[PDB]
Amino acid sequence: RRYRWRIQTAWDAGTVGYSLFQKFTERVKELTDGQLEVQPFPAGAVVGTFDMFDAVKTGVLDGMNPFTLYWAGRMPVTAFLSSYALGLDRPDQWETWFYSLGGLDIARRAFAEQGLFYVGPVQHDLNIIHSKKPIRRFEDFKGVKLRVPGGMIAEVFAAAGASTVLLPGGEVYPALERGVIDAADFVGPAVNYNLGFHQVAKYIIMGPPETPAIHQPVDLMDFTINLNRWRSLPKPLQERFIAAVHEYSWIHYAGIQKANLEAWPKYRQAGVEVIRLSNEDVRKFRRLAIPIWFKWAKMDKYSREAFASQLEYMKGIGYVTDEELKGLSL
């Protein structure tokens, strides 16, 4: 017997990401001998990106491939299921936390309460900022109307004085063009180029070579399926799909990084200047970020569990010192 699932991705049509996602659906058919077929839908095709969560919960969609932290406002734990400012910043660290330090189970338990089955994370990229204004130091963020993905990311930029705005990636170009926003933090170089941000913003803002991405060094996506639809899939196919997503996580990551390398030369020719903030700017953001980690971690039991296990890991690899944590607890 054959099963058919409709799954919408956060990737807009015409992006390297959507192409990768399409390819994934044929890999799934191959790995299941045609027994599990996924019909891909680009961002907005069935429901607005920010409403996918509820659309999957109710079953209009069988599943989704979102940027996990989009649900931070309704599920605090999701702010910890993707990178946050100055925390773990390498793909391998997130892989370790999810797959051996207990992250996958925390995520699954939190989503299960929502009637969703969190399959696993999908590696992706660090994020960059596109700005119409040259933001060369920490102090230049004050007063900047900045599109960000809400949650803890938005809070850190707000603490730096920015006026944060929540908008889907597909609405960023017109917002910049119309002056609704001055800058935008969406994804990496290749996809941002696909969407044309270089045409409406001549500056790319990045951290120092030591800390390239201050805010989102590991911007994870994932695959989350309606729980009822998941439970109806035979276990053999469930296990195959889990493996398929884990393989895709890195095939996706690899494809994005390839496109990114090819994108930098393009920005140069577009007349875009890549601006690098300093290590001092990183220290100013760090002082604001750590307290915010704790504020978000204490929201519920899931956010507490995710953050506590990530904090112990960070202590283990020298990413945080006891001194910096003075007065902070869960």
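Sequential numbering from 1, following the sequence displayed.
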* Should the higher mean CA B-factor in the entry be assigned to 242 to 250 or to 71 to 79? -> 71 to 79
* To do: Compare the mean C-alpha B-factor of 301 to 309 with that of 38 to 46 as given in the PDB entry, and name the stretch with the higher value.
  => 38 to 46
* According to the deposited entry, which of 170, 103, 217, 121 has the largest Cα B-factor? -> 170
* Asked: Looking at 285, 293, 53, 267, which has the biggest Cα B factor in the entry?
  -> 267
* State the tercile, meaning the lowest, middle or highest third, of residue 151 with respect to the CA B-factors recorded for its chain. => middle
* Compare the C-alpha B factor of residue 272 with those of the other modelled residues in its chain, then answer lowest, middle or highest third. => highest
* Third assignment of residue 256 from its chain's C-alpha B-factors -> lowest
* To do: Would you please rank residue 64 by its C-alpha temperature factor against the other modelled residues of its chain and give the third it falls in: lowest, middle or highest?
  => lowest
* Would the CA B-factor of residue 206 place it in the lowest, middle or highest third of its chain? -> middle
